[PDB]
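Undergrad: If you read the sequences in order, they're chains B and B'. A prime marks a further copy of an entry chain.
Heads up: take any position in the first sequence, counting from 1, add 397, and you land on PDB author numbering.
Heads up: take any position in the second sequence, counting from 1, add 1191, and you land on PDB author numbering.
From the three backbone atoms N, C-alpha and C, an ideal C-beta is built for every residue, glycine too.
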Amino acid sequence: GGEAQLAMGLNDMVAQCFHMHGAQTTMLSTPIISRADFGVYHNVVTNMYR
Amino acid sequence: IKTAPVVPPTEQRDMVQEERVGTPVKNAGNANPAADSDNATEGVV
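Here's what the structure looks like:
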């Protein structure tokens, strides 16, 4: 008998496992420094300018 | 008349013994213990 615990299972799964993208990526004009991953794209503006 | 040696009354003790063929279930007096579940139409937490 886990009927009351599936309703808790849905709401806990959805909150834990669902992620949106924030205004910086989708709406706001943020530079690549704050829009992109710094561990990889930290010299992409400098090199693309080159 | 027949006089016979018997066991003296103070050197024996009657002890009541209760003989059972099986251990009764938890809901022994309940004909349908599964009607608490079959009638939970709102759910159980």
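Which chain B residues sit within Cβ distance under 7 Å of residue 1234(B')?
TA: 400 and 401
Undergrad: Which class does residue 1202(B') belong to by DSSP, given the choice of helix, strand or coil?
TA: helix
Undergrad: When the Cα atoms are used, what is the spatial distance from residue 1214(B') to residue 402(B)?
TA: So the two alpha carbons sit approximately 34 Å from each other.
Undergrad: Using DSSP with H/G/I as helix, E/B as strand and the rest coil, what is residue 443(B)?
TA: helix
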